[PDB]
Amino acid sequence: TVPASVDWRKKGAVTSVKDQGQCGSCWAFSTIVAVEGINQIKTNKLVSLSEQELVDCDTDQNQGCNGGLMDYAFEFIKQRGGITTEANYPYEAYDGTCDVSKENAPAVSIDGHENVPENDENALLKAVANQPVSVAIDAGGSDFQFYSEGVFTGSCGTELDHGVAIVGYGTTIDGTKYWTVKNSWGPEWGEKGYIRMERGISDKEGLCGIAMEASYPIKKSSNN
């Protein structure tokens, strides 16, 4: 039994829309949206977290401004005992040297992470009903890039190249199912920084491949 609709922004689990600037750190922003979300859901306190810490310190595989993957970032946060706040380690859109002093001041911890069964929007829906979910999509096309309003229905391929996060779902009055996605291109893009993408389409992969690589953090205890 999943609700007809869920809007994590309205429920108070989503921070302001950020802009990653000229640094290929979408993976870090995608990861942080999910962690900021589960944290508020568990502790009832919305805390803005550090994408910069990931860029500078999560280097085993991820490459800071040269790209990375959300799954590796969740692993990093799990292993470091947490991620520090944005205030303590602010985003400067560049490849910085890991500031150990700030990295060792975690503010929010997670127990691990798990993946949503691939190409299954129903499984994805159940996951989103619980918390914001990190997802990868093909954002390399013009239709997606110049999206401004309404429910985006295409056109986009499925070659994954951008990490974002689903912060909700619903159905417009006209009957169009959608996913509410938080992008990292500033509040100036789309609907105040978000994009409503058609949900439950005829392709198992989802629109722009949104159902191909979805994952989320795990947090059982209510403290930090």
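Before any of the text, the structure's been laid out above.
The following paragraphs examine the structure supplied in this document.

Reading the values: rules and limits
- Residues numbered from 1 in each chain as written, not as in the entry; some residues may be left out.
- Part of a larger assembly, values for the part shown.
- Heavy atoms only, no water.
- Disulfide = S-S within 2.5 Å.
- Helix = DSSP H or I, 4+ residues; strand = E, 2+ residues; numbered from the N terminus.
- Buried < 20%, exposed > 50% of the residue type's maximum accessible area, 1.4 Å probe, protein only.
- Contact = heavy atoms within 4.5 Å.
- Polar contact = N/O pair within 3.5 Å; in protein donor to acceptor, adjacent residues only side chain to side chain.
- Salt bridge = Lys/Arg side-chain N within 4 Å of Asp/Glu carboxyl O.

### Notes on the state of the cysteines
Piece 1. Per the stated rule, a full pass over the model turns up 3 disulfides.
Piece 2. Disulfide pairing is shown between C156 and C208; the S-S distance is 2.0 Å. Here the disulfide of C156 and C208 is left-handed, its torsion about the S-S bond being about -90 degrees. Of this pair, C156 sits in the loop between β4 (151-152) and β5 (162-171) while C208 sits in the loop between β7 (194-198) and β8 (215-218), and the two are 52 residues apart along the sequence.
Piece 3. As a non-bridged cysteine, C26 has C23 as the owner of its nearest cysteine sulfur, 9.4 Å distant.
Piece 4. Overall, the relative accessible area of 14% leaves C26 in the buried class.

### Re the environment of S134
Piece 1. Residue placement: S134 occurs in strand β3 (residues 133-137).
Piece 2. Residue classification places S134 among the buried residues on the basis of a relative accessible area of 0%.
Piece 3. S134 sits 83 residues away from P217 along the chain, and the two C-alpha atoms are 8.9 Å apart.
Piece 4. Contacts of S134, omitting those with residues within four sequence positions, involve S30, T31, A34, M70, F74, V164, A165, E213, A214 and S215.
Piece 5. At 3.0 Å, the side chain of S134 and the backbone oxygen of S30 are in polar contact.

### Regarding the pattern of salt bridges
Piece 1. The full count for this structure, using the stated rule, is 5 salt bridges.
Piece 2. The partner of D7 in a salt bridge is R9, and the shortest N-O contact between them spans 3.0 Å.
Piece 3. A salt bridge links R80 to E103, with the nearest nitrogen and oxygen atoms 3.5 Å apart. Residue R80 is found in helix α3 (residues 70-80), and its partner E103 is found in helix α4 (residues 100-103); the two are separated by 23 residues along the sequence.

### Considering the side chain of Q20
Piece 1. Structurally, the position occupied by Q20 is in the loop between β1 (6-7) and α1 (26-43).
Piece 2. By relative accessible area, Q20 is classed as buried at 8%.
Piece 3. One polar contact links the side chain of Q20 to the main-chain carbonyl oxygen of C23, over a distance of 3.0 Å.
Piece 4. What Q20 contacts, discounting residues up to four positions off in sequence, is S25, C26, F29, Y91, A93, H162, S184 and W185.

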